[PDB]
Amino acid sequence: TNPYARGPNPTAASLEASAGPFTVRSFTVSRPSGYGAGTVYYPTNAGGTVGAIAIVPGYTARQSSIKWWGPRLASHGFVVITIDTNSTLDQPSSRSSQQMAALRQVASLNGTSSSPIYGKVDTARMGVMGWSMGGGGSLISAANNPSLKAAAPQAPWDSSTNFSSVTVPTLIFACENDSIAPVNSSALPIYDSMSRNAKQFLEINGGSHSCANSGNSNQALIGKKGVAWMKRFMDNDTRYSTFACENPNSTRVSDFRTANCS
């Protein structure tokens, strides 16, 4: 009997819909600490404490690029903070520092009786996600913070592609026709480098660099996979082992790989 298991037994239909079972509320972080701005999404009556996910956009980009993840994840039983960085020109290591700052603030707000997320977060169970340089930032966060329970960056880029130290279960969303952070020189070498973890590579067929962003046309598949990965690894929830680890066998996917996916 897994104490972190929340919500109804998952179905494809329920994981593919635009929102899951829980009602989602949100607020703006009034005094953001160590980053630009943040929006916190959270479920009402998830049936216990839930893990937290900090999501960072890429270079020149804002919360809007990665907004859709907030309600999508939160509606399956997660507290999600989407951030703006101190500057939109921040680099990946700075993105990562700011991501971890956002998580610490979430942990702090869990114990502030005035916060709507008071007593709602299990602050020992956290994950990281993000687009482009924010994707590299998530991988950096993971490498520097092995206590994190999961990472799921999208169209990631960093100077280095060597993330061989990462022990955090890591799902890489890739975009097949990415001409900004091309798969062959960023997402794929990143993926291949990680020898110490459960991991997955999911390339979206014909996707541009923004193929996992708000307003994308594979929200059913991408949302299912992100929630399934976070469920399986953040909650240790083996109801999601198949959703998390399976090949989707979808014409929407041009390349699928996975390793150590129990």
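Quick note: we count residues from 1 along the sequence shown, nothing fancier.
A.B. asks: Of the two stretches 140-148 and 112-120, which shows the higher Cα B-factor on average in the entry?
C.D. replies: Comparing averages over the C-alpha atoms only gives 112-120.
A.B. asks: 126-134 versus 100-108: which one carries the higher mean Cα B factor per the record?
C.D. replies: The stretch with the larger average C-alpha B-factor is 100-108.
A.B. asks: Can you pull the Cα B-factors for 227, 46, 212, 54 from the entry and say which is highest?
C.D. replies: Of 227, 46, 212, 54, 46 has the highest C-alpha B-factor.
A.B. asks: Among 167, 154, 75, 162, which carries the highest Cα B-factor?
C.D. replies: Most elevated C-alpha B-factor of the set, per the entry: 162.
A.B. asks: Sorting by Cα B-factor within the chain, modelled residues only, which third would residue 248 end up in: lowest, middle or highest?
C.D. replies: According to the entry, residue 248 has a C-alpha B-factor in the chain's highest third.
A.B. asks: Hey, what third does residue 69 fall into on Cα B-factor, ranked over its chain?
C.D. replies: It belongs to the lowest third of the chain when residues are ordered by C-alpha B-factor.
A.B. asks: C-alpha B factor of residue 216, ranked within the chain: lowest, middle or highest third?
C.D. replies: Its C-alpha B-factor belongs to the middle third of this chain's values.
A.B. asks: Please place residue 206 in the lowest, middle or highest third of its chain by C-alpha B factor as given in the entry.
C.D. replies: Its C-alpha B-factor, which the entry lists for residue 206, ranks in the middle third among residues of this chain.
A.B. asks: Going by what the PDB entry lists, where does residue 223 fall on CA B-factor within its chain: lowest, middle or highest third?
C.D. replies: According to the entry, residue 223 has a C-alpha B-factor in the chain's lowest third.
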